[PDB]
K.L.:
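One structure, as structure tokens, below. Some questions next.
Whatever order the structure lists them in is the order used to number ligands and atoms, beginning at 1. Numbers here are sequence positions counted from 1.
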Amino acid sequence: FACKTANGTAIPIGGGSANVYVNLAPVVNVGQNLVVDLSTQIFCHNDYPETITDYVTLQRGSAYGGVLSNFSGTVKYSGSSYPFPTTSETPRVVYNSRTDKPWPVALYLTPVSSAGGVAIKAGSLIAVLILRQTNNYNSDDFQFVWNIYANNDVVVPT
Ligand SMILES: OC[C@H]1OC[C@@H](O)[C@@H](O)[C@@H]1O
């Protein structure tokens, strides 16, 4: 089991970390969602599907910088929605194929009443997502740490 980014940055068997740089909608109104769909940028696969079933959860998702200050976060993991920042580990998603499958993580961020102006700064860390991988074969318990950075400013009209 290993993961790779849309651009080819890989975290190999055993886990590790990698940076993910996402384009964000440049203007988000109060009452709208800024969506950070990471399933288009994080892909993982099972290396031994003939024998092993891998289990994948979103163990923890943390908010930083402007997302922490200016947004109210919900994370949608494999079709279900949970608070973001997270308050529990998600259920497992089964990875049972050697073909790359998107990691089904999307963030839904809506501005708070106090938000206005440059609510997210270009190049800033906006989230850290911890993917936890286990299996039905051994005691493997690995963390793939995704640091999410904003490629651009996000302005909340005032
Ligand atoms: O993906 C199948 C297996 O690949 C080897 C090792 O990463 C295991 O943890 C994993 O379950």
K.L.:
Just by distance, no angles: are the side chains of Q41 and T5 close enough, under 3.5 Å, to form a donor-acceptor pair?
P.N.:
no
K.L.:
I'd like to know if the side chain of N19 pairs up with that of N147 as donor and acceptor (distance under 3.5 Å, no hydrogens or angles considered).
P.N.:
yes
K.L.:
Going by the ring pair (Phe, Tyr, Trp, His ring centres under 6.0 Å) test, which pairs reach into residues 13-67, not counting sequence neighbours?
P.N.:
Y21-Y149
K.L.:
In terms of heavy-atom contacts, does NZ of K101 have more than 12 from other residues, nucleotides or ligands at under 6.0 Å?
P.N.:
yes
K.L.:
Please output the residues near ligand 1 using a strict heavy-atom distance under 4.0 Å, listed in chain and residue-number order.
P.N.:
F1, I13, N46, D47, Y48, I52, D54, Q133, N135, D140, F142
K.L.:
Might you point out which heavy atoms bring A119 and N70 nearest each other, and give the distance in Å?
P.N.:
O-ND2, 2.8 Å
K.L.:
Check the angle between the aromatic planes of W103 and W146 and answer parallel, tilted or perpendicular using the 30° and 60° thresholds.
P.N.:
tilted
